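Structure record follows, encoded as structure tokens.
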Amino acid sequence: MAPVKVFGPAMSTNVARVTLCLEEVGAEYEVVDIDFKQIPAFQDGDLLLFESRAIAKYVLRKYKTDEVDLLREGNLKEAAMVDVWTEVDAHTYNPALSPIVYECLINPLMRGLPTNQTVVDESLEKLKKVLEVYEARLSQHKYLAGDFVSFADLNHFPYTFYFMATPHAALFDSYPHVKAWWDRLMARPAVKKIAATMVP
Amino acid sequence: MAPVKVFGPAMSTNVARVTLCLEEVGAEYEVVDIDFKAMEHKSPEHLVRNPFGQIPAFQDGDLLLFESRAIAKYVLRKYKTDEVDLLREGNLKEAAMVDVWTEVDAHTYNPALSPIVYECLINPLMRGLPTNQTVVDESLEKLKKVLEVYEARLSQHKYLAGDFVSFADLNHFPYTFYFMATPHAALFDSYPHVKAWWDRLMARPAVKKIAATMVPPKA
Amino acid sequence: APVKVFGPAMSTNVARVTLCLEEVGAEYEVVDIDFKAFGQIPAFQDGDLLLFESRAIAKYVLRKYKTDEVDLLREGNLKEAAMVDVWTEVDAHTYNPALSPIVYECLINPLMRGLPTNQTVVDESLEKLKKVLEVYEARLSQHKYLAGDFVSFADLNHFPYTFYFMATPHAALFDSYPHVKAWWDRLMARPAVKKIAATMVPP
Ligand code: NA
Ligand code: NA
């Protein structure tokens, strides 16, 4: 009984990370669009949580099944692969890619101001070195942590999806194994539901 | 001849297919510039009458048509005479060659050439997107193979269906014209019987007339 | 002097050609041979003349054997011929691109090529096919056949690939579209269609 509730700009990457996870576990949830003064807020009965990645993990743990276990916290080695590539997103991939989408989308559209090209070109060069590594990893496996989708892959969706709305979306075609992995994600039923809540 | 009406943007390849056919049969017509696709919301009449959103729309008195190839053929049939018979439906053998090379355009040539037009022109102009060069290279390699067959065919005949211009050749003009406006025009130089055929088509008065109409707007 | 069709009889492009020959009551013989050992799949020989490409051949057949009882192209009636033409184009560029990859994924790849069914291609094609069938449902509630109140080349073109779609796990999708199923059963009750359907079951 009782769905959970996610309070936040229902197009933010922060909310998306959480909603994507809820969909993958089949949790009934409600999104209440609100902008505030940790971007997403989360209520489960009396319990109230903030912060994207912490709420995602709470969700994946709470609705974890033998069949849908996206953290693999019971298999040490699989959980280490989930964890390392979640860290790669947070400290290597996203810092190179998220400025591209903040400059090319949110700076003109939302927080109206011109697109800074020095930062975009620098982020593109760093992203290119990131994707080189991704290209090798995803030649060995279909997903980041191995041959099973996981939190690590899901963590990549929200910002990449907006990157795929910049004039640079085609950069991934220069890396056919990453492209295919991206395409593998975009076809998951749960991803396209969340993808439909986005696009400025 | 109560002038027939074509509805769509004249820059569009599907509009150009139809107006080239009208020009070649000498028919009176006018082109009403309007982009129904850009209109997300429609009347119940439109969606019942054109549920697939075929382009252009064509009006001949009380008759309403969509889909450029069907319209083009309607126009070639309606205004056909002994001196301009672009379908040859009288000659079973000639009609078969018109049909054959119309299909090659539809399923072999246009699929290889048209992505280059979108990547190199329609995208970095009317949508702002840069040119996906991975798409361009794959398409050029596909197109080179196609053009080897056309090269051979047009060394035996001046036109695709034989030794007479037909619907088959007219079908190739709209996308190829845009292709020839890109830096990739140079590719035809390696297929001298294809280039000579292209030049023969570009020299036709009806084609020069429709080519003039394929310029982007202004304001 | 019967005409000759060269290709595998189970092929969709052979079936397109032989359905037309059946409907026009022409005498012909099929010569099984896989000529790829453009490469248009059926080869067709009418004594002096030799054609390729199944749609050009089908129209040649319908043209040559044209009678008043059997006029499957309606070229003497500009308006009827335009409806034949539009719905032949919908097949070629809208209907067949949505439906044929299901036939290939569920049927051709496992059985002939020896490759399992890619469910991602199937699901994506199913989503496309559903939107197409919505429009066909609307069209076939207004008319018994795609071009109007008469069977035409346009209906004949849909037979080969749809026949194979009906052998996939997704055949039942057509029940969700009652006017289309009603149209499909009308085609399946035609005698010429019954004959060609029997030729499309290889060992
Ligand atoms: Na066609
Ligand atoms: Na097509």
Which is farthest toward the positive dipole end of the protein assembly as shown among B:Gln156, C:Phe159, C:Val84, measuring Cα position about the Cα centre, with Cβ charges +1 (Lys, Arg) and -1 (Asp, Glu)?
B:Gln156
Can you count the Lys pairs in region A:76-196 with C-alpha separation below 24 Å, eight or more apart or on different chains?
12
Note to self, chain C gives a 222 nm [θ] from helices alone (DSSP H runs n ≥ 4, -39500 (n - 2.57) apiece, / all residues, nearest 500) of -15500 deg cm²/dmol
In peptide B:105-111, how many Cβ atoms from other protein chains are near each Cβ within 10 Å, on average?
2
Check which residues have an amide H placed less than 5 Å from C:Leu51's amide H, if you skip close sequence neighbours.
C:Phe44, C:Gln45, C:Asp46
Taking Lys and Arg as +1 and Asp and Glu as -1, residues besides A:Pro95 with C-beta under 15 Å from its C-beta add up to -1
Highest mean first, what order results for B:167-174, A:160-167, C:74-81 on Cβ atoms within 10 Å?
B:167-174, A:160-167, C:74-81
Within 10 Å of each Cβ in B:95-101, how many Cβ atoms from other chains are there, averaged over the peptide?
6
Listed peptides B:132-140, B:115-123, A:91-99 by packing density, highest first (mean Cβ within 10 Å)
B:115-123, A:91-99, B:132-140
Sorted from largest down, what three extents in whole angstroms do the Cα atoms of region A:1-115 have along their principal axes?
49, 34, 19
If you place +1 on the Cβ of every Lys and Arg, -1 on the Cβ of every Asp and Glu, and leave all else neutral, what size is the dipole of region A:93-187 about its Cα centre, to the nearest 20 Debye?
120
Add +1 for every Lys or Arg and -1 for every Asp or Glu among the other residues with Cβ under 13 Å from the Cβ of C:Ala26, and state the total.
0
Residues with amide H under 5 Å from that of C:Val30, placed H, sequence gap 5 or more:
C:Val5
Treat every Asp and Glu Cβ in chain C as -1 and every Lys and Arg Cβ as +1, leave all other atoms uncharged, and give the resulting dipole magnitude about the Cα centre to the nearest 20 debye.
120
Derived scalar couplings ³J(HN,Hα) [region C:6-12; Karplus, 6.51 cos²θ - 1.76 cosθ + 1.60; whole Hz; x for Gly, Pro]
9, x, x, 4, 5, 5, 5
Taking +1 at the Cβ of each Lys and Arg and -1 at the Cβ of each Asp and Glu, which of B:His184, B:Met202, B:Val215 sits farthest along the dipole of region B:158-219 towards its positive end, judged by Cα position relative to the Cα centre?
B:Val215
What does the highest-first list of A:55-66, A:8-19 look like by mean Cβ count within 10 Å?
A:8-19, A:55-66
Pull up all non-local amide H partners of C:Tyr145: gap of 5 or more, or a different chain, and H-to-H distance under 5 Å with H placed in the peptide plane.
C:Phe150
What's the magnitude of the charge dipole for the protein assembly as shown around its Cα centre, counting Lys and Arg as +1 and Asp and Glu as -1 at the beta-carbon? Answer in Debye, nearest 20.
220
Diffing region C:44-50: the Karplus 3J(HN,Hα) column from phi (6.51, -1.76, 1.60, θ = phi - 60°), in whole Hz with x for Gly and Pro, holds 9, 10, 10, x, 4, 10, 9
Can you tell me the length gained on complete extension of the stretch A:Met186 to A:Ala165, counting 0.36 nm per residue apart and subtracting the Cα distance?
6.2 nm
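Readers should treat all values here as calculations from the given coordinates under stated rules, not as data from a laboratory. Cβ sites come from the backbone with ideal geometry, for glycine too, and all protein chains shown count toward neighbours.
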